[PDB]
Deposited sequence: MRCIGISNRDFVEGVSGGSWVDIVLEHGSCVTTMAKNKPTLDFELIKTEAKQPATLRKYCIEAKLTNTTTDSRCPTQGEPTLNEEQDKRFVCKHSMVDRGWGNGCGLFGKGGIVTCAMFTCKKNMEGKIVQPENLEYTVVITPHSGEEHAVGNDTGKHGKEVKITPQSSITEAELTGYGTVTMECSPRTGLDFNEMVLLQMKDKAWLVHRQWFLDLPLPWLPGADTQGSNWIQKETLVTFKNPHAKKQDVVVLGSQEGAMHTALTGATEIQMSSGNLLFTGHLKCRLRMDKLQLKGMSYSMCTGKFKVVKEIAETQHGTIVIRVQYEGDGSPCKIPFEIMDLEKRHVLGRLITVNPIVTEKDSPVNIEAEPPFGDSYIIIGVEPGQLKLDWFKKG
């Protein structure tokens, strides 16, 4: 009864067997099948089991251990062994030389300045495969338990992992039997032309060329010497006196700007927010209603909570049984105004009392306008008035 409360809910009625449903983060589905239990379905997680790094980008660097080799006007070209260390970034320039700084001659002497580049912070691009993602789905049967209604905690339901690969999941719905699932990872957005870009806790789904065209230092998906370090390094020699080098500073904020609200996916508890869909097929044949032998409850009920309408025109009520028959079925029927002609269906099918002092929640779909909610049988049979919106 977890979908109750939730606006993006979806009512799906089975046949007489198989049922089709579509799940997506934030959406919920309630299935109905006749002679079968009502079930709530919700996609709770999407896990990537160690994908792949297309590339890694440095977004914040260091610049240290600066060295330099400067020749005299005559002495020719500068040389630093650092010019081979691929961790260093270098650049040649000329500077004035003369008696004043160690040369017999006067003129431009060459220089070469190098500095070790070090990455402080980075982001990674990953290649995603629905097929290979692992999905976690929660099934919560409409048992009517005193605390079932919209309980976002998971103890009222079974958690199922749908391995695109490994395949076809089966489920133990305690006291109700077994159900089966066979889903298909759906989605618009072509995925093999997209990339999961992670920056700490955040992460979007970008295109491939856009990601690869990124003007930043990088390491192969497969550190070993960053590539294109100059993108973040600058050399300066304004007055032909000496040459300085400097980094550019975190491109973190810069990146976010470029990712302006793109397909973000970032983080539902250090976890993924799957982009689109999950079409499934459910088979209930191995499932069965609970308590179809039970006696009709003959005692009277008392409204413990209060008929409250859901965003979809259904009503939810919580009653308490004070009779002496438990376990027993709850006499529930929705009638019209001339008291005779049933006008509404139960969503929480086959309502039953399990314990004297344990309330029972029931969701029903009353007709539009004026109706009656008759709980129990006379004696003190409850007759509640209801008017439906619109």
Exercise for review: Can you give me the gaps, meaning deposited-sequence stretches with no C-alpha coordinates, in sequence order?
Suggested key: 17 to 18, 225 to 227
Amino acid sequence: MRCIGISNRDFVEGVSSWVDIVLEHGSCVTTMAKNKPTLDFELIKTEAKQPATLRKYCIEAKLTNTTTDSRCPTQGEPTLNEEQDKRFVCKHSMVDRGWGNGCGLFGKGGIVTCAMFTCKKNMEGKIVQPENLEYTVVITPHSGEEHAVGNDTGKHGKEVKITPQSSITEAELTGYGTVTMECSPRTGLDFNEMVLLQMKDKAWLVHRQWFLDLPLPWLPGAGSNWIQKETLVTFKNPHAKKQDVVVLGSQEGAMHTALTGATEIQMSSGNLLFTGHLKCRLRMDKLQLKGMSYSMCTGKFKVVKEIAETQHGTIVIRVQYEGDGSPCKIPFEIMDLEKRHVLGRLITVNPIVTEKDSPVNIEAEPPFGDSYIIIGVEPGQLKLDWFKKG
From here on, numbers count along this sequence of modelled residues.
Check your understanding: Mean C-alpha B-factor higher for 205 to 213, or for 286 to 294?
Key -> 286 to 294
Study note, to complete from the structure: Of 256 to 264 vs 159 to 167, the stretch with the larger average CA B-factor in the entry is 159 to 167
Check your understanding: Out of 93, 314, 129, 251, which one has a C-alpha B factor higher than all the others in the entry?
Key -> 129
Point to revise | Selection from 140, 153, 118, 113 [criterion: highest C-alpha temperature factor in the record] | key: 153
Practice item. Would you mind checking where the Cα B-factor of residue 192 ranks among the modelled residues of its chain, as the lowest, middle or highest third? Key: highest
Point to revise | Third of the chain, ranked by Cα B-factor, where residue 33 sits | key: middle
Exercise for review: Select lowest, middle or highest to describe the third in which the CA B-factor of residue 346 falls within its chain in this entry.
Suggested key: lowest
Study note, to complete from the structure: By the entry's values, the third containing the CA B factor of residue 64 is the lowest
Check your understanding: Which third of the chain does residue 10 land in by C-alpha B-factor: lowest, middle or highest?
Key -> lowest
